[PDB]
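K.L.:
Dropping in protein.txt, which is compact mmCIF, C-alpha atoms:
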```txt
# COMPACT_ATOMS: atom_id res chain seq x y z
CA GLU A 33 -20.43 13.65 3.39
CA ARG A 34 -17.48 11.34 3.00
CA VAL A 35 -17.79 8.08 1.04
CA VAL A 36 -15.83 4.86 1.49
CA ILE A 37 -14.82 2.87 -1.58
CA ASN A 38 -13.40 -0.60 -0.98
CA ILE A 39 -11.23 -1.88 -3.83
CA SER A 40 -10.57 -5.58 -3.21
CA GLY A 41 -10.03 -4.94 0.52
CA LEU A 42 -8.17 -1.63 0.15
CA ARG A 43 -10.32 1.10 1.65
CA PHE A 44 -10.39 4.57 0.14
CA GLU A 45 -12.27 7.54 1.59
CA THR A 46 -13.15 10.74 -0.26
CA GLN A 47 -15.49 13.68 0.13
CA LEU A 48 -18.95 13.28 -1.44
CA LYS A 49 -18.35 16.60 -3.23
CA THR A 50 -15.18 15.15 -4.78
CA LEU A 51 -17.19 12.49 -6.64
CA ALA A 52 -20.21 14.71 -7.31
CA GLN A 53 -17.96 16.92 -9.50
CA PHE A 54 -18.31 14.35 -12.32
CA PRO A 55 -21.94 13.25 -12.08
CA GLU A 56 -21.98 11.28 -15.33
CA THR A 57 -19.34 8.81 -14.16
CA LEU A 58 -20.01 5.56 -12.30
CA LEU A 59 -18.85 6.92 -8.95
CA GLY A 60 -20.33 10.38 -9.48
CA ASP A 61 -23.77 9.12 -10.50
CA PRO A 62 -25.86 7.94 -7.55
CA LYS A 63 -27.84 5.57 -9.80
CA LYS A 64 -24.74 3.85 -11.17
CA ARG A 65 -22.75 3.53 -7.97
CA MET A 66 -25.75 2.12 -6.05
CA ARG A 67 -25.21 -1.23 -7.83
CA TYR A 68 -21.90 -1.51 -5.96
CA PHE A 69 -23.19 -0.36 -2.59
CA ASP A 70 -22.91 -2.63 0.45
CA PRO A 71 -25.53 -1.51 2.99
CA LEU A 72 -24.10 -3.85 5.64
CA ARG A 73 -20.74 -2.03 5.66
CA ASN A 74 -21.80 1.42 4.40
CA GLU A 75 -19.30 1.39 1.55
CA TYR A 76 -18.96 0.71 -2.16
CA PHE A 77 -17.21 -2.51 -3.12
CA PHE A 78 -15.31 -3.25 -6.32
CA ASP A 79 -13.61 -6.62 -6.92
CA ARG A 80 -11.03 -4.98 -9.15
CA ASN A 81 -7.45 -3.89 -9.76
CA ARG A 82 -5.95 -2.09 -6.76
CA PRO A 83 -3.00 -0.09 -8.12
CA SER A 84 -5.17 1.63 -10.74
CA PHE A 85 -7.54 3.16 -8.19
CA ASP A 86 -5.13 5.79 -6.80
CA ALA A 87 -5.15 7.39 -10.27
CA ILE A 88 -8.89 6.96 -10.76
CA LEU A 89 -9.43 8.78 -7.46
CA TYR A 90 -6.85 11.44 -8.33
CA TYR A 91 -8.87 12.21 -11.48
CA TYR A 92 -11.69 13.42 -9.24
CA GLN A 93 -9.44 15.01 -6.60
CA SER A 94 -7.50 17.01 -9.17
CA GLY A 95 -10.66 18.10 -11.01
CA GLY A 96 -9.89 16.16 -14.21
CA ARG A 97 -6.24 15.06 -14.36
CA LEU A 98 -6.09 11.48 -15.63
CA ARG A 99 -2.60 10.03 -15.18
CA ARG A 100 -1.46 6.42 -15.51
CA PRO A 101 0.96 5.36 -12.78
CA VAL A 102 4.19 4.11 -14.38
CA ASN A 103 3.74 0.68 -12.72
CA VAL A 104 0.21 0.08 -14.03
CA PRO A 105 0.28 -1.32 -17.55
CA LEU A 106 -1.63 0.68 -20.16
CA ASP A 107 -4.02 -2.15 -21.10
CA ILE A 108 -5.02 -2.74 -17.47
CA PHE A 109 -5.41 0.98 -16.77
CA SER A 110 -7.48 1.64 -19.91
CA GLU A 111 -9.83 -1.17 -18.86
CA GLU A 112 -10.30 0.53 -15.47
CA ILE A 113 -10.99 3.94 -17.05
CA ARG A 114 -13.79 2.40 -19.12
CA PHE A 115 -15.18 0.41 -16.20
CA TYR A 116 -15.46 3.55 -14.03
CA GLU A 117 -17.14 5.36 -16.94
CA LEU A 118 -14.90 8.42 -16.85
CA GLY A 119 -16.17 9.04 -20.39
CA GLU A 120 -14.84 9.20 -23.95
CA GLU A 121 -13.89 12.86 -23.56
CA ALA A 122 -11.65 11.97 -20.61
CA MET A 123 -10.28 8.93 -22.45
CA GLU A 124 -9.66 11.18 -25.47
CA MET A 125 -7.32 13.46 -23.56
CA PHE A 126 -5.60 10.48 -21.95
CA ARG A 127 -5.17 8.60 -25.25
CA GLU A 128 -3.10 11.26 -27.01
CA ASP A 129 -0.97 11.95 -23.96
CA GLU A 130 -0.08 8.23 -23.76
CA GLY A 131 0.20 6.59 -27.21
CA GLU B 33 -20.20 -14.67 -1.24
CA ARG B 34 -17.26 -12.58 0.02
CA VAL B 35 -13.87 -13.95 1.10
CA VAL B 36 -11.11 -12.21 3.07
CA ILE B 37 -7.47 -13.08 2.44
CA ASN B 38 -4.94 -11.73 4.92
CA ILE B 39 -1.37 -11.67 3.63
CA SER B 40 0.90 -10.97 6.60
CA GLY B 41 -1.52 -8.25 7.82
CA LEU B 42 -2.42 -6.91 4.35
CA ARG B 43 -6.15 -7.43 3.80
CA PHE B 44 -7.58 -8.51 0.48
CA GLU B 45 -11.26 -9.10 -0.28
CA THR B 46 -12.84 -10.81 -3.24
CA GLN B 47 -15.82 -12.94 -4.22
CA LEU B 48 -16.03 -16.73 -4.18
CA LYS B 49 -16.96 -16.61 -7.89
CA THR B 50 -13.73 -14.74 -8.65
CA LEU B 51 -11.61 -17.49 -7.10
CA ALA B 52 -13.80 -19.91 -9.06
CA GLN B 53 -12.30 -18.60 -12.32
CA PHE B 54 -9.33 -20.94 -11.65
CA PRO B 55 -10.69 -23.80 -9.54
CA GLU B 56 -7.60 -26.04 -9.55
CA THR B 57 -5.45 -23.42 -7.86
CA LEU B 58 -4.74 -23.14 -4.14
CA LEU B 59 -7.29 -20.39 -3.55
CA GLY B 60 -9.78 -21.88 -6.03
CA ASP B 61 -9.87 -25.34 -4.41
CA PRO B 62 -11.61 -25.68 -1.04
CA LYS B 63 -9.42 -28.67 -0.13
CA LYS B 64 -6.17 -26.75 -0.72
CA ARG B 65 -7.09 -23.46 0.95
CA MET B 66 -8.82 -24.97 3.97
CA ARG B 67 -5.65 -25.30 6.09
CA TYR B 68 -5.16 -21.52 5.89
CA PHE B 69 -8.69 -20.68 7.00
CA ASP B 70 -9.58 -19.06 10.33
CA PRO B 71 -13.24 -19.33 11.33
CA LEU B 72 -12.73 -16.92 14.25
CA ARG B 73 -11.70 -13.96 12.10
CA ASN B 74 -13.45 -15.38 9.05
CA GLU B 75 -10.44 -15.12 6.77
CA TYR B 76 -7.59 -17.02 5.13
CA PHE B 77 -4.16 -16.16 6.49
CA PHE B 78 -0.87 -16.49 4.63
CA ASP B 79 2.48 -15.53 6.23
CA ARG B 80 3.79 -14.60 2.80
CA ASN B 81 4.94 -11.92 0.38
CA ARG B 82 2.78 -8.79 0.52
CA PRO B 83 3.81 -6.90 -2.63
CA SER B 84 3.18 -9.96 -4.82
CA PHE B 85 -0.39 -10.67 -3.82
CA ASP B 86 -2.36 -7.92 -5.54
CA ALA B 87 -1.09 -9.31 -8.88
CA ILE B 88 -2.01 -12.87 -7.85
CA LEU B 89 -5.56 -11.74 -7.00
CA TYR B 90 -5.77 -9.65 -10.18
CA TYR B 91 -4.94 -12.79 -12.17
CA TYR B 92 -8.32 -14.18 -11.04
CA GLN B 93 -10.19 -10.90 -11.48
CA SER B 94 -8.96 -10.36 -15.03
CA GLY B 95 -9.65 -13.95 -16.09
CA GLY B 96 -5.97 -14.71 -16.53
CA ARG B 97 -3.70 -11.67 -16.72
CA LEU B 98 -0.57 -12.42 -14.67
CA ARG B 99 1.87 -9.52 -14.35
CA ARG B 100 4.76 -9.35 -11.86
CA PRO B 101 4.76 -6.10 -9.89
CA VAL B 102 7.86 -4.10 -10.85
CA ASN B 103 9.03 -3.94 -7.23
CA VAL B 104 9.02 -7.74 -6.79
CA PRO B 105 12.06 -9.63 -8.08
CA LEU B 106 11.60 -12.43 -10.58
CA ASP B 107 12.54 -15.23 -8.19
CA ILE B 108 10.32 -13.89 -5.38
CA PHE B 109 7.30 -13.67 -7.70
CA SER B 110 8.18 -17.08 -9.18
CA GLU B 111 7.98 -18.66 -5.72
CA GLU B 112 4.60 -17.05 -5.05
CA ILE B 113 3.15 -18.30 -8.38
CA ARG B 114 4.37 -21.77 -7.45
CA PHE B 115 2.94 -21.65 -3.92
CA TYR B 116 -0.47 -20.41 -5.09
CA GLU B 117 -0.44 -23.21 -7.70
CA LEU B 118 -1.48 -21.01 -10.61
CA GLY B 119 -0.81 -23.77 -13.13
CA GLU B 120 1.42 -24.53 -16.10
CA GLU B 121 -0.36 -22.08 -18.42
CA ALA B 122 0.06 -19.18 -16.00
CA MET B 123 3.65 -20.28 -15.47
CA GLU B 124 4.20 -20.25 -19.28
CA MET B 125 2.69 -16.75 -19.69
CA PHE B 126 4.96 -15.56 -16.87
CA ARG B 127 8.06 -16.94 -18.60
CA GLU B 128 7.14 -15.47 -21.99
CA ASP B 129 6.58 -11.97 -20.61
CA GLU B 130 9.82 -11.99 -18.58
CA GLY B 131 12.21 -13.63 -21.05
CA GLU C 33 1.16 -16.83 18.61
CA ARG C 34 0.61 -13.80 16.37
CA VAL C 35 2.48 -10.49 16.47
CA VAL C 36 1.39 -7.13 15.07
CA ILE C 37 3.97 -4.61 13.94
CA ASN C 38 2.75 -1.12 13.15
CA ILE C 39 5.07 0.92 10.93
CA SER C 40 3.77 4.53 10.91
CA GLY C 41 0.19 3.21 10.65
CA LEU C 42 0.89 0.26 8.30
CA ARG C 43 0.12 -2.98 10.11
CA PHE C 44 2.14 -6.10 9.50
CA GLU C 45 1.15 -9.45 11.03
CA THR C 46 3.40 -12.45 11.44
CA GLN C 47 3.85 -15.45 13.68
CA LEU C 48 5.94 -14.91 16.82
CA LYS C 49 7.90 -17.97 15.67
CA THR C 50 8.83 -16.12 12.45
CA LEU C 51 10.57 -13.39 14.49
CA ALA C 52 11.99 -15.94 16.92
CA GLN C 53 14.46 -17.34 14.35
CA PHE C 54 16.84 -14.37 14.86
CA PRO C 55 17.08 -13.55 18.57
CA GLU C 56 19.93 -11.00 18.37
CA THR C 57 17.87 -8.70 16.15
CA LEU C 58 15.71 -5.89 17.55
CA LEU C 59 12.44 -7.67 16.79
CA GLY C 60 13.71 -11.11 17.79
CA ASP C 61 15.11 -9.94 21.16
CA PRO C 62 12.43 -9.48 23.83
CA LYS C 63 14.52 -6.90 25.71
CA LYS C 64 15.16 -4.78 22.60
CA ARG C 65 11.65 -4.80 21.18
CA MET C 66 9.96 -4.04 24.54
CA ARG C 67 10.88 -0.34 24.17
CA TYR C 68 8.56 -0.19 21.14
CA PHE C 69 5.74 -2.22 22.65
CA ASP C 70 2.31 -0.65 23.03
CA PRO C 71 0.65 -2.70 25.78
CA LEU C 72 -2.71 -1.00 25.30
CA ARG C 73 -3.06 -2.02 21.64
CA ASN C 74 -0.91 -5.16 21.85
CA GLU C 75 1.35 -4.23 18.97
CA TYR C 76 4.82 -2.87 18.30
CA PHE C 77 5.02 0.68 16.93
CA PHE C 78 7.82 2.17 14.84
CA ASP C 79 7.72 5.81 13.61
CA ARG C 80 9.80 4.91 10.58
CA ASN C 81 10.06 4.36 6.85
CA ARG C 82 7.23 2.26 5.46
CA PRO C 83 8.51 0.82 2.16
CA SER C 84 11.63 -0.63 3.79
CA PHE C 85 9.60 -2.81 6.17
CA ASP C 86 8.52 -5.35 3.51
CA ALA C 87 12.23 -6.27 3.15
CA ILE C 88 12.72 -6.39 6.92
CA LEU C 89 9.77 -8.75 7.18
CA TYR C 90 11.13 -10.78 4.24
CA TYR C 91 14.44 -11.29 6.10
CA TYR C 92 12.47 -13.14 8.79
CA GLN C 93 9.99 -14.94 6.51
CA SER C 94 12.73 -16.15 4.17
CA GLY C 95 14.93 -17.52 6.95
CA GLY C 96 17.63 -14.83 6.74
CA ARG C 97 17.83 -13.34 3.26
CA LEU C 98 18.40 -9.61 3.20
CA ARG C 99 17.40 -7.90 -0.04
CA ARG C 100 16.76 -4.27 -0.98
CA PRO C 101 13.54 -3.49 -2.84
CA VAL C 102 14.29 -1.67 -6.11
CA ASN C 103 12.24 1.41 -5.16
CA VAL C 104 13.92 1.91 -1.78
CA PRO C 105 17.14 3.96 -2.05
CA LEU C 106 20.26 2.33 -0.64
CA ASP C 107 21.02 5.06 1.92
CA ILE C 108 17.53 4.76 3.43
CA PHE C 109 17.53 0.97 3.37
CA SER C 110 21.00 0.78 4.96
CA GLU C 111 19.78 2.98 7.81
CA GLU C 112 16.78 0.69 8.32
CA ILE C 113 18.85 -2.51 8.40
CA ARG C 114 21.09 -0.93 11.07
CA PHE C 115 18.14 0.20 13.16
CA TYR C 116 16.51 -3.26 13.09
CA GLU C 117 19.91 -4.69 13.99
CA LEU C 118 19.87 -7.47 11.41
CA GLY C 119 23.61 -7.99 11.87
CA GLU C 120 27.03 -7.72 10.27
CA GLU C 121 26.92 -10.87 8.13
CA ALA C 122 23.42 -9.94 6.96
CA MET C 123 24.68 -6.52 5.93
CA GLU C 124 27.94 -7.94 4.54
CA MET C 125 25.99 -10.43 2.43
CA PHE C 126 23.76 -7.51 1.51
CA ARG C 127 26.77 -5.24 0.92
CA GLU C 128 28.54 -7.72 -1.39
CA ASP C 129 25.61 -8.42 -3.73
CA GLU C 130 24.93 -4.69 -3.95
CA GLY C 131 28.60 -3.72 -3.73
CA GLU D 33 1.83 12.19 21.89
CA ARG D 34 0.65 10.21 18.87
CA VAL D 35 -1.25 11.58 15.88
CA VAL D 36 -3.31 9.98 13.10
CA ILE D 37 -3.26 11.41 9.60
CA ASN D 38 -5.90 9.94 7.27
CA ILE D 39 -5.00 10.48 3.63
CA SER D 40 -8.07 9.45 1.60
CA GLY D 41 -8.68 6.48 3.90
CA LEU D 42 -5.04 5.50 4.38
CA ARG D 43 -4.20 6.01 8.04
CA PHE D 44 -0.68 7.17 8.83
CA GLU D 45 0.43 7.34 12.47
CA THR D 46 3.29 9.37 13.88
CA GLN D 47 4.34 11.37 16.91
CA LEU D 48 3.63 15.03 17.57
CA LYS D 49 7.36 15.56 18.11
CA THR D 50 8.02 14.16 14.62
CA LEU D 51 5.78 16.77 12.99
CA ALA D 52 7.43 19.38 15.22
CA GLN D 53 10.82 18.87 13.47
CA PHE D 54 9.51 21.28 10.81
CA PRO D 55 7.16 23.72 12.61
CA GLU D 56 6.82 26.09 9.64
CA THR D 57 5.08 23.53 7.40
CA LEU D 58 1.36 22.72 7.21
CA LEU D 59 1.56 19.65 9.45
CA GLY D 60 4.09 21.25 11.79
CA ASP D 61 1.99 24.35 12.48
CA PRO D 62 -1.07 24.11 14.72
CA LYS D 63 -2.58 27.19 13.04
CA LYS D 64 -2.42 25.53 9.59
CA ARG D 65 -3.25 21.86 10.30
CA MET D 66 -6.32 22.41 12.49
CA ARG D 67 -8.41 23.21 9.37
CA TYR D 68 -8.06 19.50 8.46
CA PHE D 69 -8.84 18.11 11.87
CA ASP D 70 -11.77 15.78 12.35
CA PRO D 71 -13.35 16.51 15.73
CA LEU D 72 -15.40 13.37 15.75
CA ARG D 73 -12.59 11.00 14.71
CA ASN D 74 -9.57 12.45 16.53
CA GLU D 75 -7.47 12.49 13.37
CA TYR D 76 -6.51 14.80 10.49
CA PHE D 77 -8.13 14.18 7.10
CA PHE D 78 -6.74 15.06 3.70
CA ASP D 79 -8.62 14.17 0.47
CA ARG D 80 -5.33 13.87 -1.37
CA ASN D 81 -2.92 11.53 -3.12
CA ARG D 82 -2.04 8.47 -1.03
CA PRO D 83 1.25 7.23 -2.55
CA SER D 84 2.79 10.68 -2.17
CA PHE D 85 2.18 10.86 1.56
CA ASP D 86 4.56 8.14 2.74
CA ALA D 87 7.44 10.27 1.41
CA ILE D 88 6.02 13.45 2.94
CA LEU D 89 5.84 11.83 6.38
CA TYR D 90 9.29 10.27 5.90
CA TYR D 91 10.66 13.77 5.25
CA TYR D 92 9.75 14.57 8.88
CA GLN D 93 10.93 11.23 10.30
CA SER D 94 14.34 11.42 8.63
CA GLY D 95 14.96 15.07 9.47
CA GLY D 96 14.76 16.30 5.88
CA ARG D 97 15.09 13.56 3.29
CA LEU D 98 12.61 14.38 0.52
CA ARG D 99 12.36 11.74 -2.20
CA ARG D 100 9.65 11.23 -4.81
CA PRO D 101 8.26 7.69 -4.75
CA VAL D 102 9.07 6.08 -8.10
CA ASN D 103 5.36 5.42 -8.80
CA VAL D 104 4.33 9.10 -8.32
CA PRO D 105 4.88 11.49 -11.25
CA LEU D 106 7.01 14.60 -10.82
CA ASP D 107 4.16 17.10 -11.28
CA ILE D 108 1.81 15.31 -8.84
CA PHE D 109 4.55 15.00 -6.22
CA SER D 110 5.61 18.65 -6.79
CA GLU D 111 2.01 19.76 -6.12
CA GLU D 112 2.04 17.78 -2.87
CA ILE D 113 5.31 19.37 -1.70
CA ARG D 114 3.75 22.81 -2.23
CA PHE D 115 0.46 21.89 -0.50
CA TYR D 116 2.25 20.58 2.60
CA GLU D 117 4.35 23.75 2.48
CA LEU D 118 7.71 22.09 2.96
CA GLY D 119 9.46 25.30 1.97
CA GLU D 120 11.48 26.86 -0.80
CA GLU D 121 14.71 25.37 0.57
CA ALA D 122 13.26 21.84 0.42
CA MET D 123 11.75 22.42 -3.05
CA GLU D 124 15.03 23.79 -4.49
CA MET D 125 16.92 20.72 -3.27
CA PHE D 126 14.20 18.44 -4.66
CA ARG D 127 14.49 20.11 -8.09
CA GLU D 128 18.21 19.20 -8.26
CA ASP D 129 17.80 15.41 -8.00
CA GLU D 130 15.25 15.10 -10.80
CA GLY D 131 17.31 17.62 -12.77
```
Written as structure tokens, how would this file's structure read?
P.N.:
Amino acid sequence: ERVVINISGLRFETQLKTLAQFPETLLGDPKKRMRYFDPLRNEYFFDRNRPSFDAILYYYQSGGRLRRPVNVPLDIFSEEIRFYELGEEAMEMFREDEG
Amino acid sequence: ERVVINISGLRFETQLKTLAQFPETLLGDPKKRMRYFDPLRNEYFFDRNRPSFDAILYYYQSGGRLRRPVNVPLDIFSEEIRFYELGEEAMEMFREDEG
Amino acid sequence: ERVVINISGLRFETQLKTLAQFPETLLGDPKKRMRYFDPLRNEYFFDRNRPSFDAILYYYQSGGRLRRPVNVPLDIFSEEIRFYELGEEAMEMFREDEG
Amino acid sequence: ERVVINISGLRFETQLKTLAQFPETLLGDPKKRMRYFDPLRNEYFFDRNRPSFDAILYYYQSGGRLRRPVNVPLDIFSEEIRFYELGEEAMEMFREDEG
């Protein structure tokens, strides 16, 4: 499949297999992402920061590369990582690499 | 409840409860935002600055974090904060973080 | 009246009256913008640089201020201002500030 | 003829003749880009980085200007140049500007 993820009006579309790669995360776990599903529009909706999501999606697309865009402040971006439940392992790697 | 905010063609979506974080602002007060509403398309339309708005919306979503996008000059973002009536406190946090 | 401008897929919406302020420009002149009109979709289409268009739109929305976004290189932006035919004074005022 | 390129839900639109300015690349070659075509939607689909793609399409539109968007890191953008197969000539030149 493909899946549509709507971040505060900005629509993203990715393969189902892209998200299924990390099944423990919010987006990869069918039980966690269902809380954000909108059956009326067949999409997931998040009322959240928009610039961060390119990098959150690239984490999946790249198979594990977590990079903060230069224009997204570290505090904001770290809050999004935790929200999307990328995991402490992932955060670990990211931490060092940043500060 | 969901609300759509169209900034010069750029679509934003959020919840009524998110705008309710700051009820005395333009978007938070029904009386102030009502002149920009379009019942036909079921959205609010502003013929304004596109690159500024994701940070204005994120201010509500974060419960008060106002950060000027790097690509938007100080005086352009200053006018948008003023127009959206974000308040003296938001205007003081803007000043402090910019100089 | 409302006008839709599609820049390589990125849709901008503005009032016809916003474009009407500068009638010697490409977008303000009915005879110049007709070449890029798509009568099927009821929109103007430009197969051009996307990031520069926020500043083009700002020229109209601001009542004639021409400013270069920090992440758009000057050679690219200068080509875009020429193409949209914003004018000599516009460019000269732009030139000066820049240099 | 017009063509729609959907990069992770972000729809870019251009002309066939624009892609044909570099026939040896992925998007310029029918034999390479058809693997990403979506029969049902009449568009190409890439489950790839969004902010990189405006610069990739602009490379075609401009006739060879390849510039990394400030917000996209060097390694991520480099990977995109390779994927879209812009060529060794184009990559060499791109290496010079960053260093």
K.L.:
Measuring atom to atom with all atoms listed in the file, identify which of B:110, B:47, B:38, B:103 is nearest to residue 73 (chain B).
P.N.:
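Among the listed residues, B:38 lies closest to residue 73 (chain B).
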K.L.:
For a test of reading the model, state the distance in Å between CA of residue 43 (chain A) and CA of residue 59 (chain A), rounded to one decimal.
P.N.:
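About the pair CA of residue 43 (chain A) and CA of residue 59 (chain A): they are 14.8 Å apart.
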K.L.:
So that I can check the surroundings of region 60-63 of chain C, please list as a list in words every protein, DNA and RNA residue that reaches within 12 Å of it, counting all atoms listed in the file and ignoring chain neighbours fewer than 2 positions away.
P.N.:
residues 35, 47, 48, 49, 50, 51, 52, 53, 54, 55, 56, 57, 58, 65, 66, 67, 68, 69, 76, 88, 89, 91, 92, 116, 117, 118 and 119 of chain C
K.L.:
Select all residues near (12.4, -12.1, -5.3) (cut-off 12 Å, inclusive, file coordinates), counting all atoms listed in the file, and output them as a list in words.
P.N.:
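Output: residues 81, 82, 83, 84, 100, 101, 102, 103, 104, 105, 106, 107, 108, 109, 110, 111, 112 and 113 of chain B; 86, 87, 90, 91, 94, 97, 98, 99, 100, 101 and 102 of chain C.
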K.L.:
Within 6 Å of chain C, which residues of chain D are there when counting all atoms listed in the file? Please give them as a list in words.
P.N.:
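Only these qualify: residues 43, 44, 45 and 46 of chain D.
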K.L.:
Could you please determine the separation between CA of residue 129 (chain B) and CA of residue 115 (chain B) in Å, to one decimal place?
P.N.:
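CA of residue 129 (chain B) sits 19.6 Å away from CA of residue 115 (chain B).
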K.L.:
So the first atom is CA of residue 75 (chain A) and the second is CA of residue 36 (chain A); what is the distance between them in Å, to one decimal place?
P.N.:
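If I compute the distance from CA of residue 75 (chain A) to CA of residue 36 (chain A), I get 4.9 Å.
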K.L.:
Around all the atoms of region 97-116 of chain D listed in the file, draw an axis-aligned box and extend it by 4 Å on each of the six sides; I want its centre and edge lengths in Å to one decimal, as lines of an AutoDock Vina configuration file.
P.N.:
```
center_x = 7.8
center_y = 14.1
center_z = -4.0
size_x = 22.6
size_y = 25.4
size_z = 22.6
```
